[PDB]
Structure formats: structure tokens, C-alpha cells
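Chains: A, B, C, D and E, in written order; residue numbering restarts at 1 for each.
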Amino acid sequence: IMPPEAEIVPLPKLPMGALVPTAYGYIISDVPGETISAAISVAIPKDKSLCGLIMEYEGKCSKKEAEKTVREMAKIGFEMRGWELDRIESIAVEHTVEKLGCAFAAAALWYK
Amino acid sequence: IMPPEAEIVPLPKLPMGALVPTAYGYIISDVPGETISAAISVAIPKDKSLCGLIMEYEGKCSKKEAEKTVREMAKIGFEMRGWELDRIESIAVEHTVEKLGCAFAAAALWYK
Amino acid sequence: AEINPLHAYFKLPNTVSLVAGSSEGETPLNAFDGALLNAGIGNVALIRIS
Amino acid sequence: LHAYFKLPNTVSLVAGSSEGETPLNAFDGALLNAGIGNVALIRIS
Amino acid sequence: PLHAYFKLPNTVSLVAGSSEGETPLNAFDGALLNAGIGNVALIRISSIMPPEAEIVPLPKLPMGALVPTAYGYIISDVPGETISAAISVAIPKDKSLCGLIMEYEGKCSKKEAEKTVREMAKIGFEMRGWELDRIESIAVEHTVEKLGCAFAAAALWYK
């Protein structure tokens, strides 16, 4: 969950060793040649007094399919709440294992 | 990740019910006679402005192997960052399951 | 004398202690609890960091 | 002068991947590649 | 008493809920929503609560709060299957001691679930050799339709 009135900004310069509340998803695979992906989405409400919903997804698929999936999960979360959706911010990454790899996607919450 | 300059100290007298940030590894097994281990390593940098790195490991093996592995994992973490390693502190424990046992290792962060 | 690291984000830990322990239990959670206890951190709430 | 309690007010989206000798080293390499390799994450759910 | 929110939580609330979902994460989310803590971020903690923390009904939590929460959950996509989650809080007689939280989840009835989590808390005190004051708990069961989740938690906050 993203606190109401929070702002999506580029990762700030975090203090070394800070304890950062973070929503993330990851997948690890040792299958040579396999493509694995991780994705994160943030559903932002039109009603700014409501919070934002963070959804994560990981799987043995392309980053395109992972981002599509995680964005739909966020959409569903807002429908379940019956909240008007402003938009969804999402990010995804894919990795093709060589020997043993990990794909990781996160939403780091901090303070400014 | 451990904050720069954090000092390795004997576990202090922790207040009852305190919230303690902790990196840990554990393994639970319900197979009689089976041996299980857990280990923690803390890699300290020569550059004191840099973070310490904590690695945890758990598996069905001796404490000697588990500690050897977690120590290797910390060294690898430093090599991936290109940081000069000062030393590595590690601890391991092994448990021979009777009916249902758990092996646990941790790096508890605290204040001083 | 108390602190909630989740709220006091500006106050970072400055000590680290390595502990370990093990234990049997009638359930997985109870075994886990026994191990933390054997390790010395069974009477605190652990916030797992990764 | 007087610390005021507050909820997080910023959210950043990061992602990364990496190979590794072990699952945890690969995970570590991924966070590093994502740009959050030198902070401790408290996973929220 | 200033900076109260920077000290340890002083209340605990037992909640539980269940729900179906198009995905496991959406079902889990639906379950949290159904339990009353769907709009806060949960920080899963080990099963210990501060000494003398007061058990109270879930308070009105600010959206986005980072709530230290001990919880148990189970997700199943097997039609007709019954899943349950239970949570228990064991208060010690010695007020200087911490309280114990135990969570449980499984393919059983709400009744069996609560009975089990209550026994687990008792064992927690026996292993410590502490005198028990009492144990409070709640359970929830859900019969999967397509994809469902049973959730039980002990949320720590401030009074």
C-alpha cells in the first residue's frame, strides 16, 4: 500500500544501510536459457484521500507479459475496493538465465 | 545490509517485545535423524564509509559446510561490489532432528 | 528507551550481533520459537530484513 | 527541532536482474543492478 | 508523553477474513480487505508483542500505515476445499514479560484451526516456563469456489 498523497519519484539517494520499507517480487531460476521476469505496479486513485495499491508479479515469462499481468492485478485491486483509478505506474525486467539468475522488481517507500 | 561502522557486539540484553531488525536463515525438518544447519556471515569492509554485508544460509548439511558456504557467499557479495574486504564474522549451528526440529542463525541489528 | 525502526527511519542501528540456536517443537512454529529462544532472541519481535 | 511522526511520502519503482553463484548472491546482484543494493529492505505485504 | 509513535506499539488487535480472487495476490488482498486491514502496509513480524500491550478491536488505521503484524494465511485453488487461518494472543501473568502470538493455517475447519493455535500458544508458555494469564483467539474458514484465501492476524498499533 502507498500512503495517500505520496509521490512517485525517482529513487532518492538513500542513506547507506537504511531500513527501507519495500514491496517487491522476485524469481530465481537455474534453468539455462530460461527467461524469467519480475514486475511491479502502483495503482493511483483519482480520490487523493485514498491510498495507492502496490502489486507485484514474477514468473517464467517475458517482461511484456509480466508487466501486463501486474497492471491487471492492480486494476482488479481497485475494482475490488470500488475506487476510481487515475492511472497505474509500472516497471518490469526480464532475465535470460545463463547458469543461475534472478529478476527483481520493487516499489521502495521513503521520505522527503 | 548492515550500516557503515556498525559494531559487531555480543547480543545485548534486549527489552521484552522489542522490534528488532534481523537478517536470518532457518530451516525446519520433520524427518527423524536428519541433520540440518543454518549459518550467518557478516562481511566487514576496509572502507569504513561502506556498508557491511550479511549473508544467510540453510540446508541439510553440517555446520562446518554451512558456515563455509555462508562465508563464501559474503566474499562473493563483496567481489560483486568491488569492495575491499577487511574480514568476515560467521556463526553456524546444526541440529539432528528427533521428530521436528529447526536450525536458526541470525544477525540482529541493535542500538548503542 | 524504546524504538520502532519502522517509524524512526532516521535512526539507524549501529550494532550487529551474530546468534544461532536450534530446537525441537510440536509444530513448525513452535520449533522455530524454541530455536529463537535457544539463540537468545525468542522474546522479541523480529522485523526480517533482506 | 522536534521529530514529527509521518508515513512514507515517496515511492520509487526499481528493477534489476543478475546471475549469481547462489540464489542469494543472484538476488543481491539483482538489487545492486536495480540500484538498491546497499540498503536493507523490510519487505511489506 | 511525546514521540509515542516512535516507541513500541501498545495495542494488539485480532482480525481475520477470507475472499476469492482472480490471482493468489488478489485473493490475499481481498482477504486482508475483508478482515479490515486491507488499506495499510503489513510488516510481518515474529510472534511477540510488547509487555502489557492492550488487546483492542481494530482501530481506525491511517491508510498506508506500516503495521507490525503477525499473521498466517493459506491460499487454495481447489474447488470446494475448506481452508482456515487462526491467530492467538497469550498474555502472561508477569506484566514485565512479553505476550506471545501464534498463527496457524491449514486445510481444516475454523474450529480445529482455533483449537490448534490456542494449543500452540500454551506450548509457547510451557517452553518458556511462564505463568499464563489467558489466551484470546479467532479463526476463519473459507470454502474455495475457484481461488480463495483465509487470513488471520494480530496487528500491533498505538493507543
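The working rule: a residue touches a chain if its C-beta (ideal position, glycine included) is under 8 Å from a C-beta of that chain, and two chains touch if they have at least 3 such contacts.
Protein identities per chain, from UniProt: E = Pyruvoyl-dependent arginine decarboxylase.
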Chain pair with more C-beta contacts, D-E versus C-D: D-E
Cα-centroid distance, subunit A relative to subunit E, in whole angstrom: 26
Centroid distance [mean C-alpha coordinates] between subunit B and subunit A, Å: 28
Geometric centre distance via CA averages, subunit E-subunit C, whole Å: 18
Touching two or more other chains - residue numbers and ranges from subunit D: 3, 5, 7-8, 20-22, 29, 38-45
Multi-partner residues of subunit E (each touching 2 or more other chains): 5-6, 8, 41, 43-45, 48-50, 62, 64-66, 68, 97-98
Touching two or more other chains - residue numbers and ranges from subunit A: 1-3, 6, 15-19, 21, 23, 109-111
Category of the chain touch graph - line, ring, star, complete, other: complete
Pairs of chains, among all present, that meet the touch criterion: A-B, A-C, A-D, A-E, B-C, B-D, B-E, C-D, C-E, D-E
Touch list for subunit D against partner subunit E, complex: 2-3, 5, 7-8, 42-45
For the subunit C and subunit B complex, residues of the former touching the latter: 1-6, 11-28, 31-32, 34-36, 38-41, 43-50
Subunit C - residues contacting subunit E, complex: 2-4, 6-8, 25-27, 29-30, 33-34, 36-37, 42-48
Touching residues on subunit D, where the partner in the complex is subunit C: 3, 5, 40-43
Complex contacts: residues of subunit A adjacent to subunit C: 15, 17-19, 21, 110-111
